[PDB]
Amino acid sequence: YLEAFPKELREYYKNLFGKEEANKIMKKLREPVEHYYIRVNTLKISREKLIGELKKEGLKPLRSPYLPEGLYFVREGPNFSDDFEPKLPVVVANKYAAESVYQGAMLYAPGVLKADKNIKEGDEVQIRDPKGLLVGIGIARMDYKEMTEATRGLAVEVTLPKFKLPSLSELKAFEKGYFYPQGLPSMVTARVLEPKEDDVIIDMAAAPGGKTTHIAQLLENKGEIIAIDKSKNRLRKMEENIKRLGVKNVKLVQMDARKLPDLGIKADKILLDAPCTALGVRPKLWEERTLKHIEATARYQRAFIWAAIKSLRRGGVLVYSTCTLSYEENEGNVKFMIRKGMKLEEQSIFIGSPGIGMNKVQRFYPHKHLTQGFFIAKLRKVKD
């Protein structure tokens, strides 16, 4: 599994976590989350009612004893060994199709990069990513010719994916806005912010609106939430999410959030779920980002942070989060905040790990918490 991670990043991990933990982290990072979480949209339905609805569809949701809006599904797999060499014609899926097949998705024609020419419908085939990673096995529903030419349709029915997570996007319950798939650490993030109906609230990197809409249901659609993003496409997806979830709480504004103080607002609560190297996301088939990205991104996040701090009222609260493991983007950027008049505060929910040489921040690790790698800091603005 170590091959998925560039050599200098591997050394970085070993240095930062210690060899043993680093090897455990990278090994687990290559796999999908063991517990696949979704958020109950309490704006439209209760947890237990939704459970009832999901059991109807043959799903086995489990309740979180920490998040009353939390449900999770247990992952299946691995369904074959890491060294398994099936005696099968190969279908090569592109980078994106391979990752979904890796988690139980079917393989559709546009997801096909190239294939063995002997493949005819009904043949048992193996599916590999462009770098030879075996991600799944299944039965071809197209001949080679149609497989490499079709623009739509089912190409391989994946009957033996490496791992299996439930597909929820096609459920009636999903279309009706009953839930929003979202990791446990992300749900913790919105809770730890503790939004009030009174608060002036800003989500300055909000799209597609996962944490924003969570705040909305915690507010029970009261108050107002200002949600900022630079990407129009992602904001467009956020608009759809808001409508589907029945969110009436949120004001969308498109802009570079680094210029946030250009508005005249001093917020009581700011969520900064910052763009990051995403070193913690799962599954991690091949990590492309490395050390140069950590430094560059860490510096890029500082602009957001400083923008937030200036836009906070004294006594105001900032919640900073990333889905990355690096020190520089996490504990290091919090030291920055401490030098800028912010103070660390106890988070209302702490089920992850302590930070690196740092006490009140919260880290999540895949091998310890069965989640994506994650980081959460909660700060109080004591002065300007």
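A residue's number is simply how far along the shown sequence it sits, counting from 1.
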If you take the mean CA temperature factor per stretch, which one wins between 235-243 and 299-307?
235-243
On mean C-alpha B-factor from the PDB entry, just flag whether 133-141 or 202-210 is the higher one.
202-210
Between 78, 280, 181, 261, which one tops the list for Cα B-factor in this entry?
261
From 114, 128, 176, 313, residue of greatest CA B-factor
313
Sorting the chain's modelled residues by C-alpha B-factor and splitting them into thirds places residue 358 in the highest
Using the temperature factors of the C-alpha atoms in this entry, rank residue 19 within its chain: lowest, middle or highest third.
highest
Please place residue 185 in the lowest, middle or highest third of its chain by C-alpha B factor as given in the entry.
lowest
Which third of the chain holds residue 2 when residues are ordered by C-alpha B factor: lowest, middle or highest?
highest
By the record's CA B-factor, is residue 318 among the lowest, middle or highest third of residues in the chain?
middle
